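Next up: just one chain, as structure tokens, the form deposited in one PDB entry.
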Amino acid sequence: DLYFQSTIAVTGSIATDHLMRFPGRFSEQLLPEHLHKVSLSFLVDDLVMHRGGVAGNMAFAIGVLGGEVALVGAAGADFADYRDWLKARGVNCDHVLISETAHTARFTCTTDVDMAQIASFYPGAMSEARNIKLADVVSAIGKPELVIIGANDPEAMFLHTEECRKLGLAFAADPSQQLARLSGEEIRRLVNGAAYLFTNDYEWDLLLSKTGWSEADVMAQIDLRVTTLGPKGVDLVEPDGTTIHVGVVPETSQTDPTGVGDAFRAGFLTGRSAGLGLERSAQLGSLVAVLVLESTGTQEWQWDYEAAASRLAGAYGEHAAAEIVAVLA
């Protein structure tokens, strides 16, 4: 592709999140005989609304961190206010498709005492993301260094990936939130040639369960597997074997785990974009991740290059801290 260069393009959902808390344990209610057919209803304690969508969340964090970033997804007419919120953190919202008729997607999530999460996602306007052409985005802003293919309209996820394939754009397969809806055929066609494959360990097992793939089958198709491991940090795997592991940044609170994955990805890719190695990028990712864990909502954390250095030092040593803080603003 001989077109001019220029950014991270974040594709994926744009939504309003309704986050609720169940003051009990989901596992305790999940009987393994009855898992053939669940019958679950959780009386919640709390209900609160925040800006969301995987693409919204990732684009926001890249912007906070000072990265150049374009948000590419479909929203309802209601988007104008959310746009202003994103633009305030430097997010390019020019290529957001605004539906003439449909409402911005709605996420309804319940979190339990162990940070387990059970949620529904109503697409609304998201379904129109299949009508967005990345070719038009590239035309206007140049080739991005990376396109993130986040959870989105299932058809859009594939069309965007195919467009990256034919445009010769590097892409990160980040199907996370959609693995439950996507068939094994649908997951398989998103993976080949990915610079990065992002998931957590559950989703990793779900992917391999539904694809019929072994880990070896996947590593042959991708440049890097990134698998977050909850409290055990993150694994960075290479073509066949080499594995870098970074442990979490210890949390002061487990408030709300929504968007923790999105935040890690944004920090990590920002790190990678700034010439940081895999280990250092994952350490920065882990910090943004914990900042999200300690706040309610996905985009309600702050940046403060002083507190960042301090925390990174405390978890990873002062070499890590100094290396990360430097390659930034």
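Throughout, we count residues from 1 along the sequence that is shown. In this text, the rigid core denotes the largest set of C-alpha atoms whose superposition between the two forms falls within 1.5 Å.
Heads up, the form deposited in another entry isn't pictured, but that's what we're talking about next.
**Student:** Of 127, 255, 110, 199, which one has a Cα that moves 2 Å or more between the shown form and the other one once the core is lined up?
**Tutor:** By this measure, the answer is 110.
**Student:** Is residue 279 among the residues whose Cα moves by 2 Å or more between the shown form and the other one after superposition of the rigid core?
**Tutor:** After core superposition, the displacement of the residue 279 C-alpha between the shown form and the other one stays below 2 Å, so no.
**Student:** After superposition on the rigid core, does the Cα atom of residue 25 shift by at least 2 Å between the shown form and the other one?
**Tutor:** Yes, because once the rigid core is superposed, the C-alpha of residue 25 moves 2 Å or more between the shown form and the other one.
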